Each structure stands twice: as C-alpha cells, then as structure tokens.
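J.: Pasting an experimental structure, sequence included:
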Amino acid sequence: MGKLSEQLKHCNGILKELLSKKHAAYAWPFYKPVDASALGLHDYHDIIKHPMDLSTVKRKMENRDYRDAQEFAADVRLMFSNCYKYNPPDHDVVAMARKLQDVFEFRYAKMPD
Ligand SMILES: COc1cc2c(cc1OC)[C@@H](C)C(=O)N(C)CC2
C-alpha cells in the first residue's frame, strides 16, 4: 500500500461517486459506451478515434489496468473531451458532461499526496 495504491483508492472513490444515484440525472449518458448505430450517429466513430465511458473505466479499475491516478484521470477526461468534440456546445448532453466533469475535477483535486 504505497502512494500509487492510496491515490488509486481515491480514484476508485471518485468512480463510485460518478456512478452513484446522487449524480444519475446528468451522469447517465456516460454509463455505457456510445451506441452510435442505435442513436443514428453514423459519423461518431469517424470523429471519435478513442471512445471512453464509465463502464470501461470501471472494468479497467476492476482489472487493475490503471497503474496510477494520472492514467485513470486521462480516461475520464477523454470521455468528456469526446463529448465536447462530437456534440454542438449548446446540446443538453454537453451541459450534462460539464456538470459531471465539475464533480470529477473538484474531487480529483483532493488527491492525497
Ligand atoms: C442526451 O442526448 C445524447 C446522448 C448521448 C449522445 C448524444 C446526445 O445528444 C445528441 C452521444 C453522442 C454522447 O456524446 N454520449 C456521451 C452518449 C449519449
């Protein structure tokens, strides 16, 4: 239980919060991979080269894929960046991304040193 383990516990706590009922009203678009075909978004995978979502982050955390907090944060921010790249900035889904990213960034900032 070095610094990396302690920081990954903080990351796991954040992940649990992002998936919690407290944030469900704006977190739900990020729960599962974007289903482009189901949504009729036939340009999604031409625009987004590296899809990411909270179920994928959860699988990677469960599989001990993340070696440090920075690697975890990069996936969570990739998920938000994909949303900001693909969707017009006035769309409800972007408002929901902004709100969940505020939750993420303020708690990520409280990382134990
Ligand atoms: C609320 O409407 C939308 C939901 C979703 C998306 C887009 C939506 O509005 C167009 C896709 C493209 C997206 O970025 N995520 C993150 C998944 C779901």
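T.: Good, I have the coordinates. Residues are numbered from 1 along each chain as shown.
J.: Not counting its neighbours along the chain, what's nearest residue 68?
T.: Take residue 68 and drop its neighbours on the chain: the residue closest to it by Cβ to Cβ, 6 or more residues apart in numbering is residue 4, 5.3 Å away. Placement of C-beta: from N, CA and C, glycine included.
J.: Give me the three-state assignment for that neighbour.
T.: Under the three-state scheme (DSSP: H, G, I helix; E, B strand; the rest coil), residue 4 adopts helix.
J.: Residue 73 and residue 64: what is the separation?
T.: 17 Å (Cβ to Cβ, to the nearest Å).
J.: what's the answer for residue 35, then?
T.: 27 Å.
J.: now residue 18
T.: To residue 64, residue 18 is 19 Å away according to Cβ to Cβ.
J.: Of these two, which one has the most company?
T.: Using other Cβ atoms under 10 Å, the more surrounded residue of residue 18 and residue 64 is residue 18, with 23 against 8.
J.: What helix or strand is residue 96 located in?
T.: Secondary structure from DSSP states H and E places residue 96 in helix 92-108.
J.: That helix close to the ligand?
T.: Yes: Helix 92-108 is in contact with the ligand by Cβ under 6 Å from any ligand atom, via 92-93.
J.: From residue 59, how far out is the nearest residue to residue 56 once chain neighbours are set aside?
T.: Counting by Cβ to Cβ, 6+ apart, residue 33 is the residue found nearest to residue 56 once chain neighbours are left out, at 6.6 Å. For residue 33, the distance to residue 59 (Cβ to Cβ) stands at 11 Å.
J.: ok, residue 6 touching residue 112?
T.: Yes: assessed by Cβ atoms under 8 Å, residue 6 is found in contact with residue 112 at 5.5 Å.
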